There are 2 protein chains.
Amino acid sequence: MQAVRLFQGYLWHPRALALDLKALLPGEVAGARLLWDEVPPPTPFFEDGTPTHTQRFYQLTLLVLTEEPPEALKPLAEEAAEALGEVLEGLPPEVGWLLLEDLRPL
Amino acid sequence: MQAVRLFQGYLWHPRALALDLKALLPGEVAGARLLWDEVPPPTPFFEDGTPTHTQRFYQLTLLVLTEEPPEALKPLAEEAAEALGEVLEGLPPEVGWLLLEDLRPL
């Protein structure tokens, strides 16, 4: 069976501030393995106009192992948002982040 | 050679309006494969209070085949994301979307 790679958000920190993400993030959330992969900044500027190129960005993905339709992902997705949200909230202020909740559509 | 998955953002449309995304979207963008997966909404309500359940959401990802590390991939990453932006600007307003390149996170 193919695993659904559910995007959850991003984590970032100053490149000058070398962090050990393995000491900050859990290996799984809501029963699904959590992955973090470094990627280029997905946006050029922060809210205050500061350039993002001084930060290293990590893409957060949840590997969901299922066979059910896209619709069934709801329960797990909601559980992940709450759980991951609780984890990132307790992180030091130097670590920036954004979850799906911060991707307000209209 | 590395196969890098770069999340781009979300696309959505009324559930009642059965669109054929395979016909709507291009298979590739800037030499990178464009992937889309139906997933739960990133949030339960639109910026206007209406529930997001009335739509079907899809996460958009660019699959880039590269030998460059994250920091050096920036140029190509930006070019590719910008190209996708132009693709979506050409879609009917019924197709809603949000791309990271336009986001200004805190």
# chains A, B, ... in the order shown; residues from 1 in each chain; ligands from 1
>>> calpha_fit_and_write(fixed="chain B", moving="chain A", output="compact mmCIF listing (two decimals) with N, CA and C atoms, in the first residue's frame")
# COMPACT_ATOMS: atom_id res chain seq x y z
N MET A 1 19.08 8.33 -6.21
CA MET A 1 18.97 9.62 -5.47
C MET A 1 17.53 9.86 -5.01
N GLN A 2 17.39 10.49 -3.85
CA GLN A 2 16.07 10.76 -3.29
C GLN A 2 15.50 12.07 -3.85
N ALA A 3 14.20 12.07 -4.14
CA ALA A 3 13.55 13.25 -4.69
C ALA A 3 13.02 14.15 -3.58
N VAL A 4 13.25 15.45 -3.71
CA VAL A 4 12.77 16.41 -2.72
C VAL A 4 11.34 16.80 -3.09
N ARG A 5 10.42 16.57 -2.16
CA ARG A 5 9.02 16.89 -2.39
C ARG A 5 8.74 18.30 -1.88
N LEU A 6 8.89 19.25 -2.78
CA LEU A 6 8.70 20.65 -2.45
C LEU A 6 7.23 21.07 -2.45
N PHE A 7 6.70 21.37 -1.27
CA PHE A 7 5.31 21.81 -1.14
C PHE A 7 5.18 23.17 -1.82
N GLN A 8 4.12 23.36 -2.60
CA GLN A 8 3.90 24.62 -3.32
C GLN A 8 2.64 25.36 -2.89
N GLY A 9 1.68 24.63 -2.34
CA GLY A 9 0.44 25.27 -1.94
C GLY A 9 -0.74 24.33 -2.07
N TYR A 10 -1.93 24.92 -2.19
CA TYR A 10 -3.16 24.13 -2.31
C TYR A 10 -4.10 24.65 -3.39
N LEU A 11 -4.96 23.77 -3.85
CA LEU A 11 -5.99 24.12 -4.81
C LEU A 11 -7.24 23.51 -4.20
N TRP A 12 -8.38 24.18 -4.31
CA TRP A 12 -9.61 23.63 -3.78
C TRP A 12 -10.79 24.08 -4.60
N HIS A 13 -11.88 23.35 -4.46
CA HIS A 13 -13.10 23.66 -5.17
C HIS A 13 -14.26 22.97 -4.46
N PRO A 14 -15.48 23.44 -4.71
CA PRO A 14 -16.65 22.84 -4.07
C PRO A 14 -16.77 21.36 -4.41
N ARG A 15 -17.01 20.53 -3.40
CA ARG A 15 -17.17 19.09 -3.61
C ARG A 15 -18.34 18.85 -4.56
N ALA A 16 -19.34 19.72 -4.50
CA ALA A 16 -20.52 19.59 -5.35
C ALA A 16 -20.17 19.88 -6.81
N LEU A 17 -19.08 20.61 -7.02
CA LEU A 17 -18.64 20.96 -8.36
C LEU A 17 -17.47 20.06 -8.76
N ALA A 18 -17.80 18.86 -9.25
CA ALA A 18 -16.78 17.89 -9.65
C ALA A 18 -15.96 18.38 -10.84
N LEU A 19 -14.69 18.67 -10.59
CA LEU A 19 -13.80 19.17 -11.63
C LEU A 19 -12.80 18.13 -12.12
N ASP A 20 -12.26 18.37 -13.31
CA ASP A 20 -11.26 17.50 -13.91
C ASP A 20 -9.96 18.29 -13.82
N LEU A 21 -9.27 18.15 -12.70
CA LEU A 21 -8.02 18.87 -12.46
C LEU A 21 -6.97 18.63 -13.53
N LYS A 22 -7.03 17.47 -14.17
CA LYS A 22 -6.07 17.13 -15.21
C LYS A 22 -6.19 18.04 -16.42
N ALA A 23 -7.34 18.71 -16.55
CA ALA A 23 -7.57 19.62 -17.65
C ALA A 23 -7.21 21.04 -17.25
N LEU A 24 -6.87 21.24 -15.98
CA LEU A 24 -6.53 22.57 -15.50
C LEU A 24 -5.07 22.78 -15.12
N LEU A 25 -4.41 21.71 -14.68
CA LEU A 25 -3.02 21.80 -14.24
C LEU A 25 -2.02 21.12 -15.18
N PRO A 26 -0.80 21.66 -15.27
CA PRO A 26 0.26 21.12 -16.12
C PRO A 26 0.93 19.94 -15.41
N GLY A 27 1.60 19.08 -16.17
CA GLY A 27 2.27 17.93 -15.58
C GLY A 27 3.61 18.28 -14.96
N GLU A 28 4.13 19.44 -15.33
CA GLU A 28 5.42 19.87 -14.81
C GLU A 28 5.51 21.39 -14.80
N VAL A 29 6.33 21.90 -13.89
CA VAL A 29 6.54 23.33 -13.74
C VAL A 29 8.01 23.55 -13.44
N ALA A 30 8.65 24.41 -14.21
CA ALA A 30 10.06 24.72 -14.00
C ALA A 30 10.96 23.49 -14.17
N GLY A 31 10.52 22.54 -14.98
CA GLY A 31 11.32 21.35 -15.21
C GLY A 31 11.12 20.26 -14.18
N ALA A 32 10.24 20.49 -13.20
CA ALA A 32 9.98 19.51 -12.16
C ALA A 32 8.54 19.02 -12.26
N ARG A 33 8.34 17.72 -12.11
CA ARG A 33 7.01 17.11 -12.19
C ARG A 33 6.13 17.66 -11.08
N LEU A 34 4.89 18.00 -11.44
CA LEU A 34 3.93 18.54 -10.50
C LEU A 34 2.91 17.50 -10.08
N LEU A 35 2.72 17.35 -8.77
CA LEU A 35 1.75 16.39 -8.26
C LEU A 35 0.69 17.12 -7.47
N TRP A 36 -0.52 16.57 -7.49
CA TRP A 36 -1.60 17.12 -6.69
C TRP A 36 -2.29 15.93 -6.04
N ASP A 37 -2.38 15.96 -4.72
CA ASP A 37 -2.99 14.89 -3.95
C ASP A 37 -4.08 15.43 -3.04
N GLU A 38 -5.24 14.78 -3.04
CA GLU A 38 -6.32 15.25 -2.19
C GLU A 38 -5.99 14.95 -0.73
N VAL A 39 -6.31 15.91 0.12
CA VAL A 39 -6.05 15.78 1.55
C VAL A 39 -7.20 16.45 2.27
N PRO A 40 -7.33 16.19 3.58
CA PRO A 40 -8.41 16.81 4.36
C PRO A 40 -8.14 18.31 4.38
N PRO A 41 -9.19 19.13 4.59
CA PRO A 41 -8.96 20.58 4.63
C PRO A 41 -7.90 20.84 5.71
N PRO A 42 -6.85 21.61 5.38
CA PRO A 42 -5.77 21.94 6.31
C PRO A 42 -6.09 23.05 7.30
N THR A 43 -7.29 23.61 7.17
CA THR A 43 -7.73 24.67 8.06
C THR A 43 -9.25 24.55 8.14
N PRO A 44 -9.83 24.88 9.30
CA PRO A 44 -11.28 24.79 9.48
C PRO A 44 -12.15 25.89 8.87
N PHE A 45 -11.60 27.08 8.67
CA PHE A 45 -12.39 28.18 8.13
C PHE A 45 -11.69 29.06 7.11
N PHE A 46 -12.49 29.66 6.23
CA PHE A 46 -11.97 30.59 5.25
C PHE A 46 -11.95 31.95 5.95
N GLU A 47 -11.39 32.95 5.28
CA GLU A 47 -11.27 34.29 5.84
C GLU A 47 -12.61 34.88 6.30
N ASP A 48 -13.69 34.56 5.59
CA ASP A 48 -15.00 35.09 5.95
C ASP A 48 -15.76 34.26 6.97
N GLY A 49 -15.10 33.26 7.55
CA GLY A 49 -15.75 32.43 8.55
C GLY A 49 -16.47 31.22 8.00
N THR A 50 -16.50 31.08 6.68
CA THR A 50 -17.16 29.93 6.06
C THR A 50 -16.34 28.66 6.30
N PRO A 51 -17.01 27.56 6.69
CA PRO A 51 -16.34 26.28 6.94
C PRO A 51 -15.76 25.71 5.65
N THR A 52 -14.61 25.06 5.77
CA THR A 52 -13.91 24.48 4.63
C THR A 52 -14.34 23.07 4.23
N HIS A 53 -15.09 22.38 5.09
CA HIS A 53 -15.49 21.01 4.81
C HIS A 53 -16.38 20.76 3.59
N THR A 54 -16.82 21.82 2.93
CA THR A 54 -17.66 21.67 1.74
C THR A 54 -16.79 21.66 0.48
N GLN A 55 -15.50 21.93 0.67
CA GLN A 55 -14.54 21.97 -0.44
C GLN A 55 -13.60 20.78 -0.39
N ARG A 56 -13.10 20.39 -1.56
CA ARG A 56 -12.13 19.30 -1.64
C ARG A 56 -10.80 20.03 -1.84
N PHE A 57 -9.79 19.67 -1.04
CA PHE A 57 -8.48 20.31 -1.12
C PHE A 57 -7.40 19.42 -1.71
N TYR A 58 -6.55 20.03 -2.53
CA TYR A 58 -5.45 19.32 -3.15
C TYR A 58 -4.12 19.96 -2.79
N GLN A 59 -3.21 19.12 -2.33
CA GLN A 59 -1.89 19.54 -1.93
C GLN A 59 -1.00 19.51 -3.18
N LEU A 60 -0.36 20.64 -3.49
CA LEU A 60 0.51 20.74 -4.66
C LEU A 60 1.97 20.53 -4.27
N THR A 61 2.60 19.55 -4.91
CA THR A 61 4.00 19.20 -4.64
C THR A 61 4.84 19.14 -5.91
N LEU A 62 6.07 19.64 -5.82
CA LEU A 62 6.99 19.60 -6.95
C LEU A 62 8.08 18.60 -6.60
N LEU A 63 8.27 17.60 -7.45
CA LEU A 63 9.29 16.59 -7.22
C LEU A 63 10.59 17.11 -7.81
N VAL A 64 11.50 17.54 -6.95
CA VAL A 64 12.78 18.07 -7.41
C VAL A 64 13.83 16.97 -7.34
N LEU A 65 14.40 16.65 -8.50
CA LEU A 65 15.42 15.62 -8.60
C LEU A 65 16.79 16.29 -8.59
N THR A 66 17.46 16.24 -7.44
CA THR A 66 18.77 16.85 -7.32
C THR A 66 19.65 16.11 -6.32
N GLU A 67 20.86 16.62 -6.14
CA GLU A 67 21.82 16.04 -5.22
C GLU A 67 22.45 17.18 -4.43
N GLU A 68 22.15 18.41 -4.86
CA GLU A 68 22.67 19.62 -4.23
C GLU A 68 22.05 19.89 -2.86
N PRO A 69 22.72 20.72 -2.05
CA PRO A 69 22.25 21.08 -0.71
C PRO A 69 20.93 21.85 -0.75
N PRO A 70 20.22 21.92 0.40
CA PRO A 70 18.94 22.63 0.49
C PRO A 70 19.00 24.04 -0.09
N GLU A 71 20.15 24.70 0.07
CA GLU A 71 20.35 26.06 -0.43
C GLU A 71 20.17 26.22 -1.94
N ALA A 72 20.63 25.24 -2.70
CA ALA A 72 20.55 25.28 -4.15
C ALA A 72 19.12 25.31 -4.69
N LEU A 73 18.15 24.95 -3.86
CA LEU A 73 16.75 24.93 -4.27
C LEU A 73 16.18 26.32 -4.58
N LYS A 74 16.87 27.37 -4.15
CA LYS A 74 16.38 28.73 -4.36
C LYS A 74 15.97 29.11 -5.78
N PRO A 75 16.89 29.00 -6.75
CA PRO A 75 16.56 29.34 -8.14
C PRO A 75 15.30 28.66 -8.65
N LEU A 76 15.24 27.35 -8.48
CA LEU A 76 14.10 26.57 -8.92
C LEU A 76 12.83 26.98 -8.18
N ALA A 77 12.96 27.17 -6.87
CA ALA A 77 11.82 27.55 -6.04
C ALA A 77 11.21 28.87 -6.52
N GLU A 78 12.07 29.82 -6.86
CA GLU A 78 11.61 31.11 -7.33
C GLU A 78 10.97 30.99 -8.71
N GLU A 79 11.51 30.12 -9.55
CA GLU A 79 10.97 29.93 -10.88
C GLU A 79 9.61 29.24 -10.80
N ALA A 80 9.48 28.31 -9.86
CA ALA A 80 8.23 27.59 -9.68
C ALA A 80 7.13 28.52 -9.21
N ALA A 81 7.45 29.34 -8.21
CA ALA A 81 6.48 30.28 -7.67
C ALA A 81 5.89 31.15 -8.77
N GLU A 82 6.75 31.71 -9.62
CA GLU A 82 6.30 32.56 -10.70
C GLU A 82 5.46 31.80 -11.72
N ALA A 83 5.97 30.65 -12.16
CA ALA A 83 5.29 29.82 -13.15
C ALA A 83 3.95 29.27 -12.65
N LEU A 84 3.96 28.68 -11.46
CA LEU A 84 2.73 28.13 -10.91
C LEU A 84 1.76 29.27 -10.65
N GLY A 85 2.28 30.39 -10.18
CA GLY A 85 1.43 31.53 -9.92
C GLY A 85 0.69 31.93 -11.18
N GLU A 86 1.40 31.93 -12.30
CA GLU A 86 0.77 32.31 -13.56
C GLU A 86 -0.32 31.33 -13.96
N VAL A 87 -0.13 30.06 -13.63
CA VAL A 87 -1.13 29.06 -13.98
C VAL A 87 -2.40 29.21 -13.15
N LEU A 88 -2.24 29.31 -11.84
CA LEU A 88 -3.40 29.42 -10.97
C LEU A 88 -4.16 30.73 -11.19
N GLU A 89 -3.45 31.79 -11.56
CA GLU A 89 -4.11 33.08 -11.81
C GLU A 89 -5.11 33.00 -12.95
N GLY A 90 -4.81 32.17 -13.95
CA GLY A 90 -5.70 32.04 -15.09
C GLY A 90 -6.84 31.06 -14.89
N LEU A 91 -6.96 30.52 -13.68
CA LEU A 91 -8.02 29.56 -13.40
C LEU A 91 -9.36 30.22 -13.12
N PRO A 92 -10.46 29.51 -13.41
CA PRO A 92 -11.80 30.04 -13.18
C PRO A 92 -11.96 30.46 -11.72
N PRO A 93 -12.79 31.48 -11.47
CA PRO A 93 -13.00 31.96 -10.10
C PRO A 93 -13.54 30.94 -9.10
N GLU A 94 -14.14 29.85 -9.59
CA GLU A 94 -14.68 28.83 -8.70
C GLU A 94 -13.58 27.99 -8.07
N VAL A 95 -12.39 28.04 -8.64
CA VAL A 95 -11.28 27.27 -8.10
C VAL A 95 -10.48 28.15 -7.15
N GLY A 96 -10.42 27.75 -5.88
CA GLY A 96 -9.67 28.51 -4.91
C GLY A 96 -8.26 27.97 -4.83
N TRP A 97 -7.34 28.76 -4.28
CA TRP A 97 -5.96 28.32 -4.16
C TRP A 97 -5.12 29.27 -3.34
N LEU A 98 -3.93 28.80 -2.97
CA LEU A 98 -3.00 29.61 -2.22
C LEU A 98 -1.62 29.02 -2.48
N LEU A 99 -0.64 29.89 -2.69
CA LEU A 99 0.71 29.41 -2.91
C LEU A 99 1.54 29.87 -1.72
N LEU A 100 2.81 29.50 -1.71
CA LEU A 100 3.70 29.86 -0.61
C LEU A 100 3.69 31.35 -0.33
N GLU A 101 3.55 32.15 -1.39
CA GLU A 101 3.50 33.60 -1.28
C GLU A 101 2.41 34.02 -0.30
N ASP A 102 1.35 33.22 -0.22
CA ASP A 102 0.23 33.51 0.67
C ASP A 102 0.47 33.01 2.10
N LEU A 103 1.68 32.55 2.37
CA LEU A 103 2.03 32.05 3.70
C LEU A 103 3.01 33.01 4.36
N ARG A 104 2.56 34.25 4.53
CA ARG A 104 3.35 35.32 5.12
C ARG A 104 3.84 35.08 6.55
N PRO A 105 5.15 34.87 6.72
CA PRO A 105 5.77 34.63 8.03
C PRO A 105 6.15 35.96 8.70
N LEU A 106 6.44 35.91 10.00
CA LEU A 106 6.83 37.11 10.73
C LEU A 106 7.75 36.79 11.91
>>> select_by_dssp(residues="chain B", states="helix (DSSP H, G or I)", output="count of residues only")
30
>>> select_by_dssp(residues="region 5-98 of chain A", states="strand (DSSP E)", output="PyMOL selection string")
chain A and resi 5-14+28-29+32-39+55-65+96-98
>>> write_last_selection(atoms="N, CA and C atoms", output="tab-separated table (two decimals), in the first residue's frame")
chain	number	residue	atom	x	y	z
A	5	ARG	N	1.58	11.18	2.18
A	5	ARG	CA	2.49	12.13	2.81
A	5	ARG	C	1.74	13.42	3.10
A	6	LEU	N	1.17	13.48	4.29
A	6	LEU	CA	0.39	14.63	4.71
A	6	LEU	C	1.24	15.79	5.20
A	7	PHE	N	1.25	16.88	4.44
A	7	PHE	CA	2.02	18.07	4.82
A	7	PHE	C	1.38	18.66	6.07
A	8	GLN	N	2.20	19.05	7.04
A	8	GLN	CA	1.69	19.62	8.30
A	8	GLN	C	2.11	21.06	8.54
A	9	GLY	N	3.21	21.47	7.91
A	9	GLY	CA	3.68	22.82	8.12
A	9	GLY	C	5.19	22.91	8.03
A	10	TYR	N	5.75	23.95	8.65
A	10	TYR	CA	7.20	24.17	8.63
A	10	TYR	C	7.76	24.54	9.99
A	11	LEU	N	9.05	24.30	10.14
A	11	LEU	CA	9.78	24.69	11.34
A	11	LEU	C	11.01	25.38	10.77
A	12	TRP	N	11.47	26.44	11.42
A	12	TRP	CA	12.66	27.12	10.95
A	12	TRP	C	13.41	27.73	12.10
A	13	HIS	N	14.68	28.02	11.85
A	13	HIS	CA	15.53	28.62	12.85
A	13	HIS	C	16.72	29.26	12.15
A	14	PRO	N	17.40	30.18	12.83
A	14	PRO	CA	18.56	30.84	12.24
A	14	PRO	C	19.64	29.83	11.85
A	28	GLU	N	6.78	10.42	16.09
A	28	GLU	CA	5.45	10.15	15.59
A	28	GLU	C	4.42	11.04	16.28
A	29	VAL	N	3.33	11.29	15.58
A	29	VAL	CA	2.25	12.11	16.09
A	29	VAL	C	0.94	11.49	15.63
A	32	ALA	N	1.12	8.34	13.54
A	32	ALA	CA	1.76	8.41	12.23
A	32	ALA	C	3.18	8.94	12.38
A	33	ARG	N	4.12	8.33	11.66
A	33	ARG	CA	5.52	8.74	11.72
A	33	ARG	C	5.67	10.16	11.20
A	34	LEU	N	6.46	10.96	11.92
A	34	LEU	CA	6.69	12.35	11.57
A	34	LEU	C	8.05	12.54	10.91
A	35	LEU	N	8.07	13.20	9.76
A	35	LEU	CA	9.32	13.45	9.07
A	35	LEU	C	9.54	14.94	8.94
A	36	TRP	N	10.80	15.35	8.95
A	36	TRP	CA	11.14	16.74	8.74
A	36	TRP	C	12.31	16.75	7.76
A	37	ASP	N	12.13	17.47	6.66
A	37	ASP	CA	13.14	17.55	5.61
A	37	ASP	C	13.48	19.00	5.31
A	38	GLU	N	14.77	19.32	5.23
A	38	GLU	CA	15.15	20.68	4.95
A	38	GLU	C	14.84	21.01	3.49
A	39	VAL	N	14.34	22.21	3.27
A	39	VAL	CA	13.98	22.67	1.94
A	39	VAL	C	14.32	24.14	1.87
A	55	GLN	N	17.46	31.87	7.52
A	55	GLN	CA	16.89	30.77	8.29
A	55	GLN	C	16.91	29.48	7.50
A	56	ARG	N	16.98	28.36	8.21
A	56	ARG	CA	16.93	27.05	7.57
A	56	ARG	C	15.50	26.58	7.82
A	57	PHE	N	14.83	26.12	6.76
A	57	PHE	CA	13.44	25.67	6.86
A	57	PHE	C	13.28	24.17	6.73
A	58	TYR	N	12.39	23.62	7.55
A	58	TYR	CA	12.09	22.20	7.53
A	58	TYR	C	10.62	21.95	7.25
A	59	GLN	N	10.38	21.09	6.27
A	59	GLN	CA	9.04	20.73	5.87
A	59	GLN	C	8.60	19.55	6.74
A	60	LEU	N	7.46	19.70	7.42
A	60	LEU	CA	6.93	18.66	8.29
A	60	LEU	C	5.89	17.82	7.57
A	61	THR	N	6.13	16.51	7.52
A	61	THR	CA	5.24	15.56	6.84
A	61	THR	C	4.85	14.39	7.73
A	62	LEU	N	3.58	13.99	7.65
A	62	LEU	CA	3.10	12.84	8.41
A	62	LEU	C	2.84	11.72	7.41
A	63	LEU	N	3.47	10.57	7.63
A	63	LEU	CA	3.28	9.44	6.75
A	63	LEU	C	2.07	8.66	7.24
A	64	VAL	N	0.96	8.78	6.53
A	64	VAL	CA	-0.27	8.10	6.91
A	64	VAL	C	-0.39	6.80	6.12
A	65	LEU	N	-0.43	5.69	6.85
A	65	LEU	CA	-0.54	4.37	6.24
A	65	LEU	C	-2.01	3.95	6.27
A	96	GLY	N	11.05	29.14	14.87
A	96	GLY	CA	9.83	29.63	14.24
A	96	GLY	C	9.09	28.46	13.64
A	97	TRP	N	7.80	28.64	13.35
A	97	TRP	CA	7.01	27.58	12.76
A	97	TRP	C	5.64	28.05	12.34
A	98	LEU	N	4.96	27.21	11.56
A	98	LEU	CA	3.62	27.49	11.11
A	98	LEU	C	2.99	26.15	10.78
